[PDB]
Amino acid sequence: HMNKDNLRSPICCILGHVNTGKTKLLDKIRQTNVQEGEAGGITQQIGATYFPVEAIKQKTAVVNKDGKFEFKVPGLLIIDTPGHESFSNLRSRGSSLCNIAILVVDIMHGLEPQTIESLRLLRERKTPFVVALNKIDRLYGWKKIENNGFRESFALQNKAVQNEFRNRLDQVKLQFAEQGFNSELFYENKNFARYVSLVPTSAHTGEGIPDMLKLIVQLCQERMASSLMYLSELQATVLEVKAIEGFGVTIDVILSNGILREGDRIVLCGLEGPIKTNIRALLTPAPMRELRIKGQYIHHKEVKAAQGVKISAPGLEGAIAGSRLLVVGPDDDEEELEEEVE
């Protein structure tokens, strides 16, 4: 059960106050422009992006130059969430699905109200998280090197910029302490298991993103329960029901554990009772592309967890967002499963 063909990709949520740079960070990693396409420049839905470990290794190379950091995960599913205050339901849903998280804090503003909301969500579930202390390019006089590691860029800054960085860092540390979190600049953290690491980033220049990606792998590998590194019983959650061209009424699903297969008999909650149907198409986006954006879909015979998938199947009208989804196995009674899922 701990075999290479049984590794699980964990789930990381991004959380943070409105406009702190959650989507912009993911756009820099993906090399996409989702944020520019958003109405109002604000995220209004949960979005999912799968990052294969190959891509993570490449995007952390500048802080792993000798190639010796050991990557154990096969990849990571990252769930983007709204910061706008009206979407607390979606932050709660995203937080409930993740195994680890990134909390984005604008270094220029510190902790803000939806930061405090997000901290309550993280606290409640004992979720391991790192803080992306974002927007460092706004420190006055910041000199960038695109996609550099933070420490190498920080060493090239003038004294005023270094002073300003430390002043803002010390303020944010105090704010975290007021909320009951002891936090450390990531390379000053001597207790990774119990203290929150602060990793300075810019989504505009890419600086510090290599450090942030390395740290979330370290969260998976060193803080997340080790059992969650491997696949066990299926767990899946409906995010949305949506009509799309050619496929009809589909569901978007976060596959949290186990394996889904084309043709599977699935059961889930509907407005009038359980829905029982068969997967006609099991779809994902391309790697490093979003689920919440229309694009061309990849069809799979099999999808291993975690992933964001789109399922086409008859009868999904009235599927309920937040519903669990189960697969009828050989030893299952299809009617008995209907009752379990609700």
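Quick note: we count residues from 1 along the sequence shown, nothing fancier.
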Test of understanding: from the entry's C-alpha B-factors, which stretch has the higher mean, 242-250 or 160-168? 242-250
Averaging the C-alpha B factors as listed in the entry, name the stretch that ends up higher: 178-186 or 74-82. 178-186
Whose CA atom has the top B-factor in the entry, of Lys68, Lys28, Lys59, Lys310? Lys68
Residue with maximal Cα B-factor (values as given in the PDB entry) among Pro314, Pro52, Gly41, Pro285: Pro314
Is the Cα B-factor recorded for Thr32 in the lowest, middle or highest third of its chain? lowest
Rank-wise, by C-alpha B-factor, drop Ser227 into the lowest, middle or highest third of its chain. highest
Please place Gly110 in the lowest, middle or highest third of its chain by C-alpha B factor as given in the entry. middle
So, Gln221's CA B-factor, relative to its chain, sits in which third? The middle
Chain thirds by Cα B factor, record data; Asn147 belongs to the lowest
